[PDB]
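Just the one chain here, laid out as structure tokens, in the form deposited in one PDB entry.
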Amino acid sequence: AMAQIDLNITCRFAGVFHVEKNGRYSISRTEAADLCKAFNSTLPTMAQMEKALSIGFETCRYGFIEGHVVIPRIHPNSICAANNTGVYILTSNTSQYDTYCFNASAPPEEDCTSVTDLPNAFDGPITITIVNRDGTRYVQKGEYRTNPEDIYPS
């Protein structure tokens, strides 16, 4: 396994945020749940994603929620789910995407407070870098993956 992981995280909108690993689609469904857990968060429900959308949350990236892979869209864009709007649900045959997460402690509105760590990561050997939208970035040593197939695929 690679000894470093980079995580780019968005601001939180009604608790919901987007996390992308390593600048490309690289998170499996099991990894997604674990990553959210390491942020003391959970995979958003569809209803939570609808609430975030209603206050301005959108991305141009597919990512896991509870039971689906989705992309939240407010403004139509020809290269983000083909000008569709809403919480767009994808069915394909591939496995890896980004993830969304929901934090119950976040405020109702948009919160761009710097995320300085993965508070619920555990001991391990990986240098994990968090990169916030404002460019503030932080490193820690640990692990968040609990599924050996995500770390050491057979």
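Residues that one form lacks are left out of the comparison. Definition used throughout: the rigid core is the maximal C-alpha set that superposes within 1.5 Å between two forms. Residue numbers run from 1 along the displayed sequence.
**Message:** Going by the mean C-alpha B-factor recorded in the entry, which is higher: 15-23 or 129-137?
**Reply:** The stretch with the larger average C-alpha B-factor is 129-137.
**Item:** Entry-level comparison of average CA B-factors, 119-127 and 56-64, reporting the higher stretch
**Value:** Between 56-64 and 119-127, it is 119-127 that shows the higher mean C-alpha B-factor.
**Request:** Could you tell me which one of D111, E50, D98, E31 shows the highest CA temperature factor in the PDB record?
**Result:** Answer for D111, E50, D98, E31: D111, with the highest C-alpha B-factor.
**Prompt:** For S41, does the deposited CA B-factor place it in the lowest, middle or highest third of the chain?
**Reply:** Its C-alpha B-factor belongs to the middle third of this chain's values.
**Prompt:** What third of its chain's C-alpha B-factors does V87 belong to: lowest, middle or highest?
**Reply:** Ranked within chain, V87 CA B lands in the lowest tercile.
**Request:** Pull the Cα B-factor of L35 out of the PDB entry and bin it into the chain's lowest, middle or highest third.
**Result:** Tercile = middle for this residue's CA B-factor.
Separately, the form deposited with a partner chain bound exists; it is not shown, and the next lines address it.
**Prompt:** Would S28 sit within 4.5 Å of the partner chain in the deposited bound form, counting heavy atoms only?
**Reply:** No.
**Item:** Touches the partner chain in the deposited bound form: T85 (any heavy atom, 4.5 Å)
**Value:** Result no; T85 lies far from the partner chain in the deposited bound form.
**Item:** Exercise: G124 in contact with the partner chain in the deposited bound form, heavy atom 4.5 Å
**Value:** Looking in the deposited bound form, residue contacts with the partner chain do not include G124, since no heavy atom lies within 4.5 Å.
**Message:** Please tell me whether any heavy atom belonging to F39 falls inside 4.5 Å of a heavy atom of the partner chain, as the geometry stands in the deposited bound form.
**Reply:** Close contact exists here: in the deposited bound form, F39 approaches the partner chain to within 4.5 Å, heavy atoms only.
**Request:** Using heavy atoms only and a 4.5 Å cut-off, determine which of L35, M49, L43, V115 is in contact with the partner chain in the deposited bound form.
**Result:** By the 4.5 Å criterion, the partner-contacting residue is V115.
**Prompt:** Given that the partner chain is left out here, which of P108, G67, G56, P119 has a heavy atom within 4.5 Å of it in the deposited bound form?
**Reply:** Selected option: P119.
**Message:** Where exactly does the backbone move between the shown form and the other one? Looking for runs of 3+ consecutive residues, each with a CA shift of 2 angstroms or more after core alignment.
**Reply:** The segment that shifts (3 or more residues, C-alpha shift of 2 Å or more) is 93-95 alone.
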